[PDB]
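As structure tokens, one chain now follows by itself in the form deposited in one PDB entry.
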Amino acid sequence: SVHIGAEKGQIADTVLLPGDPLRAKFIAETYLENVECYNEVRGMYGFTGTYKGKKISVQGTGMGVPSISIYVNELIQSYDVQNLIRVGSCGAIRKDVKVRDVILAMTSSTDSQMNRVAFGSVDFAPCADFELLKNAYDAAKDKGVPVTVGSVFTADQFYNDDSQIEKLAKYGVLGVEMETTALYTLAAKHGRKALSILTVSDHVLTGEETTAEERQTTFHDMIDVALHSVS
């Protein structure tokens, strides 16, 4: 494929999708055995290893709908990937979303035009694969990892002078990130299974930061949940 330097069979059926390629490296090296790096193009690293004797890949996506769409399209079309699980963070937009909560996104709102380009007057609501989502939910509940299931907002502008997060929060949306709408829409368009699992980076509307320690803990929880979502 144009943006991924891998060969046939180098990428697993299941791929974890962090935004940051240095986090892709950290995940593969920390969690997986027998790791190979299959992609270095643009420094957007992808790796394959095993977790409990099963092949798992981890591929950086970059930031924003256009970047993740490139990787997701190529993973699906050129490498026949079946399960695509974004592991990332989001800015919480509600007080009831606690700093330790792991978020499972059922769906996402967006200000991307990607779906209006396809559907015009239709509002297309992307949808997580329920099997993946339920497995992740079960894995969290089994261990006592706090988990919140709901919707997120996929933003094009990290710095948005016209942000509607205040109104989105009132409609129940949990947090803002920059990827889910693309992952969910493209996976479904191709009959593959997708899920986004997210930690909280901060509360955007209070400016209130999460601490390095909190972030480390939630990151590990997210990855543990991810490594129990297929099947």
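Between two forms, the rigid core is defined as the largest C-alpha subset superposing within 1.5 Å. Note that residue numbering follows the sequence shown and begins at 1.
Keep in mind that the form deposited in another entry is not shown, yet the notes after this line are about it.
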Rigid core superposed: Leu22 CA moves 2 Å or more between the shown form and the other one: no
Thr218 C-alpha relocation of at least 2 Å between the shown form and the other one, rigid core basis: yes
Core-superposed C-alpha of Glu209 shifting 2 Å or more between the shown form and the other one: yes
Pairwise C-alpha change, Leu104 versus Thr218, in the other entry against this form - closer or farther, 3 angstroms or more: farther
Relative Cα spacing, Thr218 and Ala125, in the other entry - shift of 3 Å or more: farther
